[PDB]
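S.K.: There's a structure below that I have some questions on.
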């Protein structure tokens, strides 16, 4: 029904809000992994 | 200790290998989170 | 395999460590050779 | 002894010639060792 659909979509919006809050931590993790890949290639990995 | 240094460096090589291997997956997560943020900011 | 690759890369890190330990002796040798080149040019070599 | 002095000075000229000629190669070794040290310190 429309109520269950709205409840599910609010849950989806909360999911999107939480993903957005994760973004700065995720971007720092990506930078650290880029550094690791550069070192990994440099030593001949 | 010789063996302890190898133990430490082996795990640091493994950690560096794992970070490097996870980079494409993490880049896809960052993109998906950016899409989620843009839609959340526009809607909410 | 991944084990042989890790073993080879540890060997590479030990190579880099040994090169780093050689650096002070190498810099003293470079200074002595710079002195020698200055004298060599001075006497018309 | 006249010949002994020439023997000594000839080899000192040769040693000085050899040091001077090795300078560019040794400078490249120093640079490579500095690169190895920077990466070893950052990783290990």
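S.K.: As I understand it, the value is the acute angle between the Cα axis of helix D:2-43 and the longest principal axis of the Cα atoms of chain D; what does it come to in degrees, rounded to 10?
M.R.: Once rounded, the angle reads 0 degrees.
S.K.: To continue, here is another question. Placing one identical point scatterer on every Cα of chain A and ignoring solvent, what is log10 I(q)/I(0) from the Debye formula at q = 0.20, 0.22, 0.25, 0.27 Å⁻¹?
M.R.: Summing over Cα pairs of chain A leads to -0.70, -0.75, -0.82, -0.86.
S.K.: Turning to a different aspect of this structure: Sorted from largest to smallest, which semi-axis lengths in Å does the alpha carbon gyration tensor of the protein assembly as shown give for its equivalent ellipsoid, taking the root of 5 times each eigenvalue?
M.R.: 62, 19, 10
S.K.: So what's the angle, to the nearest 10 degrees on a 0 to 90 scale, between helix C:2-42 and the longest Cα principal axis of chain C?
M.R.: Tilt of helix C:2-42: around 0 degrees.
S.K.: Project the alpha carbons of chain B onto their principal axes and report the range along each, largest first, in whole Å.
M.R.: Principal extents (largest minus smallest coordinate, Cα): 59, 17, 5 Å.
Read-outs throughout are calculated quantities, based only on the coordinates presented, and are distinct from any laboratory measurement.
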